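Reading through the structure tokens given below for one structure.
Residue numbers start at 1 and run along the sequence shown. Each ligand, and each atom within it, is numbered from 1 in the order the structure gives.
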Amino acid sequence: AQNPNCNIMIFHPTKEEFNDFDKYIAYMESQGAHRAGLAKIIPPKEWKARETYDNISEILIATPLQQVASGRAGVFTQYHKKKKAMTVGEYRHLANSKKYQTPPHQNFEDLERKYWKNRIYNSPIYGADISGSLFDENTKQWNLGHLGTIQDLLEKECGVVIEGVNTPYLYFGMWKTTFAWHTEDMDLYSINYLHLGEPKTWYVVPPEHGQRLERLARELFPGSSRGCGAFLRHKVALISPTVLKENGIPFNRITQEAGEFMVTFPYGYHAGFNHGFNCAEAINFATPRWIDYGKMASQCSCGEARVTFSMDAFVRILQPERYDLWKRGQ
Ligand SMILES: O=c1[nH]c(Oc2cn[nH]c2)nc2cnccc12
Ligand SMILES: [Co+2]
Ligand SMILES: [Zn+2]
């Protein structure tokens, strides 16, 4: 078995190897990358997503989200308070203001310490989940807007044609903006490219140990757990590395910098935070190996979790037994 300790692996494809996306994902998994739940891919030195990021200030963040925390420093939930629309230019200026700017710090490790000590006492604003792409249409390799769709993958593997499309999303971040512990919808893969700005720190639990995290979450968020059997789908719960370590939960951490890809693998729980103003792009994707994860993925039926148009068909085909009750919630 490759990568038995489930370490986060870092890959350095040549431009040649970077020319077939599906093939390279398969290669990474042949080396055991998926066992970590997360991998980093550093693109070839001659590759670029686009020429410059000089013309992005007019992108609109229609619904910026203020992330308000409740709980203890190492164990908290966050809710999203909707704010008035602003452009990326306006958002960037806000992120860089005295109220929201990254504080002085010695290194990544010091900043991480400051995050977990101080996160709950501030409410940063996140420009998350914006439909769109910053890849140049002429960028041919690893263009997140030109990937094969999950619908076409499902059709290729299971012989069923389904409705739906899947497109990329943009994430404009600032210091302390946070993504809560979760797996992807239907336990899909995700691929995330950090286009510009300050880093993004990730935490991840190996897929083979996901149920250990769930068990701890039920204990740490007893109210949320009773309300919904798959409450992490709400994407609201944070647990610090210190608390994970205290409770024996296997996990790993890594910091993503501008110009780098991160891939999350099926049923790899992850969470993290942004160091300062940045912009990332992400999309879900599937491979043949995902299919069996899709069939087993837990669903929120309490109504809280966000439901996309495309999800209907994946539940309908892969989880016909769940389909009725899942549809009632949504
Ligand atoms: O970088 C990420 N940002 C992000 O934004 C959020 C949307 N809702 N709450 C946070 N979500 C992510 C989810 N999985 C991986 C990376 C991210
Ligand atoms: Co994710
Ligand atoms: Zn729920």
Side-chain angles (χ1 to χ4, degrees), residues 37-40 61 63-69 76-82 119 123-131 144 168-205 207 210 214 217-218 221 223-238 254-258 260-285 297-308 311 322 325-326 328-329:
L38 179 69
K40 176 182 283 195
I61 306 173
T63 315
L65 304 169
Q66 188 170 45
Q67 300 186 300
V68 183
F76 62 95
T77 58
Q78 64 184 5
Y79 87 84
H80 292 167
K81 180 173 168 183
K82 291 180 179 181
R119 160 65 185 95
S123 297
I125 296 158
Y126 205 173
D129 296 333
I130 301 168
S131 304
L144 302 195
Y169 294 91
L170 300 173
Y171 300 80
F172 294 91
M174 65 169 64
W175 164 236
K176 280 173 177 174
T177 52
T178 299
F179 52 108
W181 281 107
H182 69 289
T183 60
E184 302 305 298
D185 291 333
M186 297 297 291
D187 295 344
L188 283 155
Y189 294 69
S190 68
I191 183 160
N192 184 294
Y193 181 71
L194 189 52
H195 279 284
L196 67 92
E198 301 312 313
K200 186 190 301 286
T201 291
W202 297 68
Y203 303 95
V204 63
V205 174
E214 293 173 354
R218 291 197 297 275
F221 306 93
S224 308
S225 185
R226 282 191 289 277
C228 180
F231 78 96
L232 294 179
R233 295 262 171 239
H234 306 168
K235 200 174 165 186
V236 299
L238 278 303
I254 195 165
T255 296
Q256 180 192 17
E257 299 186 66
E260 302 182 338
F261 284 93
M262 303 299 297
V263 163
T264 79
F265 293 87
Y267 194 61
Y269 276 103
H270 52 283
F273 67 87
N274 296 302
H275 291 208
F277 173 72
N278 62 16
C279 174
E281 180 171 342
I283 194 173
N284 294 119
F285 70 97
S298 300
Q299 303 302 337
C300 158
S301 301
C302 84
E304 278 292 311
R306 161 133 276 164
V307 53
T308 68
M311 279 317 91
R322 295 215 229 270
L325 187 64
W326 174 82
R328 289 198 188 84

For [atom], what's the nearest protein heavy-atom neighbour? Residue, atom name and distance, please.
atom: atom 17 (C) of ligand 1; answer: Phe179 CG, 3.6 Å
atom: atom 10 (C) of ligand 1; answer: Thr178 O, 3.5 Å
atom: atom 1 (O) of ligand 1; answer: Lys200 NZ, 2.7 Å
atom: atom 7 (C) of ligand 1; answer: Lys235 NZ, 3.3 Å

* Asked: Taking atom types as modelled and ignoring hydrogens, do the side chains of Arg233 and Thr183 form a donor-acceptor contact shorter than 3.5 angstrom?
  ->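 Note: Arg233 and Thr183 side chains meet the donor-acceptor criterion.
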* Does one side chain, of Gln66 or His80, offer a donor that lies under 3.5 Å from an acceptor on the other? ->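 Not at all, the side chains of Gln66 and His80 share no donor-acceptor pair under 3.5 Å.
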Considering only heavy atoms of [X], which atoms of ligand 1 have at least one such atom less than 4.0 Å away?
X: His270; answer: 14 (N), 15 (C)
X: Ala128; answer: 5 (O), 6 (C), 7 (C)
X: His80; answer: 8 (N), 9 (N)

* For atom 5 (O) of ligand 1, which candidate among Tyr126, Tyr169, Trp202 provides the closest heavy atom? ->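 When every heavy atom of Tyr126, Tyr169, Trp202 is considered, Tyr126 comes closest to atom 5 (O) of ligand 1.
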* **Angle subtended at the Co ion (ligand 2) by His270 NE2 and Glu184 OE2, rounded to 10 degrees** =>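 It is 90°, given to the nearest 10°.
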* Asked: Side chain of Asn274, backbone of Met174: donor and acceptor closer than 3.5 Å?
  ->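 Not confirmed, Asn274 side chain does not pair with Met174 backbone.
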* May I ask you to check whether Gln67 has an N/O atom sitting below 3.5 Å from an N/O atom of ligand 1? =>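 Checking ligand 1 against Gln67, no N or O pair falls under 3.5 Å apart.
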* Nitrogen or oxygen of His182 less than 3.5 angstrom from that of ligand 1 ->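 For ligand 1, there is an N or O atom that lies under 3.5 Å from one belonging to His182.
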* Fit a plane to each ring of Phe179 and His182, take the angle between them on a 0 to 90° scale, and name the class: parallel (under 30°), tilted (30 to 60°) or perpendicular (over 60°). =>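 Taking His182 first and then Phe179, their aromatic rings stand perpendicular (interplane angle over 60°).
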* To do: For the residue pair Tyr171 and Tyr126, categorise the inter-ring angle as parallel (less than 30°), tilted (30 to 60°) or perpendicular (more than 60°).
  =>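 Because their plane-to-plane angle lies in the 30° to 60° range, the rings of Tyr171 and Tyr126 count as tilted.
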* Asked: Roughly how far, to the nearest 0.5 Å, is OG of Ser298 from CZ of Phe231?
  ->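 Between atom CZ of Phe231 and atom OG of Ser298 there are 11.5 Å.
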* Would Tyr203 and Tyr269 count as a side-chain contact (heavy atoms from CB on, under 4.5 Å) if you check the C-alpha gap in whole Å, the side-chain angles of each, and the deciding distance to 0.1 Å? -> CA-CA 8 Å; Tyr203 303 95; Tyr269 276 103; over 6 Å; no
* **the Zn ion (ligand 3): angle it makes with SG (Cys300) and SG (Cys228), nearest 10 degrees** =>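 Answer comes to 120°, rounded to 10°.
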* Aromatic ring proximity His275/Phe273, centre distance under 6.0 Å ->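 Centroid separation for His275 and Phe273: below 6.0 Å.
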